[PDB]
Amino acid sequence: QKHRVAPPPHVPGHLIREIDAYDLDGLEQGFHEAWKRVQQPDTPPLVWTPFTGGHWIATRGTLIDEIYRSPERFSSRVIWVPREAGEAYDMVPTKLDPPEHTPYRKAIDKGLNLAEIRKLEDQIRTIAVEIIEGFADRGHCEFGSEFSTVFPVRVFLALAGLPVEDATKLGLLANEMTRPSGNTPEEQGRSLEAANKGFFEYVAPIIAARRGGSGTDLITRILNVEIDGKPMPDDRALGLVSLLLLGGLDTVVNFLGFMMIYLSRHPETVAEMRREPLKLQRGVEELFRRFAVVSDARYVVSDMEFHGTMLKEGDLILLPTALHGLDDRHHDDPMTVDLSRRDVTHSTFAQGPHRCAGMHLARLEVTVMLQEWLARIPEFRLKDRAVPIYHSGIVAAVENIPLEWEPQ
């Protein structure tokens, strides 16, 4: 049964659209496909849904890009739907606007900048090879269980200096953060609250132990960057370390599944990447355009008109990131991966001051992944009549990806 909220007075009937971000109409065909159904040729730039507590949805890439780049009009005070979850959310620096955001982002950047992450290339590659060699000769694997959920998790826990055995409990907290359980705004609010507290509990002893440590992992590197000449307060550290873990695990895992489902159904494009290693390297950004995973929000700072639409202070606008990279007004044949596409403009990493601080790590993990996969498993397909299973929310997920090949 579907929970509806009545539209506020300022939302006119003709902008109402019944869209459930947590269970999209047509989701069984795919996350990307289901979002694309929302973006019809004449659909308004901003539509309002009575589901998930009532919120706007931006339906075109340029509104998405514009909103992300404008913190003074669209604040990060709430970035989750429903509002209750968004209000419970406590991660740093995603909850913050400039200028409070900016020293925390600087601290993160000491650990995650491109020069730093380039150093991690070989560790990443060793992890990739080891996993892949575990099944390359077998001629089949379940990609999700045996690769996508393993690789990025192992990479990050190693980088963060954390025991691999923590993967499960962290994954479950991640799921309740990004796809909270509940069929009502309040239930979802409560699921998020609980997962968030879970992350704070996990993270406090590491913070306590690693302050002034030690200690060369990602966590101690970032934690020990000063904020206005003194140590990071506890409240901020908990949100910051939790966000590192949340971004480090869930996103890449799921990106990988979407990407690999497409590749297994497109041998010609796999073969291009094989024949031309530079097409692969340069084509990774095209994959990020094509397999966005985040759909998150902003808070309308003041009453305003925006793209011909009346907005009220406190309105939430969901930004389905897939609707930028896949916008047919931004890219011709947007559903096709074209490794040679010159314009790959997307918001898979968002825009503005919050543009993904992990983007260099994400790009490197995917490029190493493809290089070592293709080196050992040059050809592959999705099992005959297999049906991947799809989940939507703030971060998209997929499951059940049986690949098959002829061992080389």
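Start at 1 and count along the sequence shown; that's the residue number.
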Between 361 to 369 and 376 to 384, which has the larger average Cα B-factor in the PDB entry? 376 to 384
Would you mind comparing 311 to 319 and 168 to 176 for me and telling me which has the higher average C-alpha temperature factor in the entry? 168 to 176
Which listed residue, 334, 82, 212, 257, has the largest C-alpha temperature factor in the record? 212
C-alpha B-factor winner, where the candidates are 131, 297, 287, 252: 131
In terms of its chain's C-alpha B-factors, the third that includes residue 135 is the highest
Relative to the other modelled residues in the chain, which third contains the C-alpha temperature factor of residue 325: lowest, middle or highest? lowest
Just say lowest, middle or highest third for the CA B-factor of residue 150 relative to the other modelled residues in its chain. middle
Which third, lowest, middle or highest, does the C-alpha temperature factor of residue 108 belong to within its own chain? middle
Classify residue 91 as lowest, middle or highest third according to the C-alpha B-factor given in the PDB entry, relative to its own chain. highest
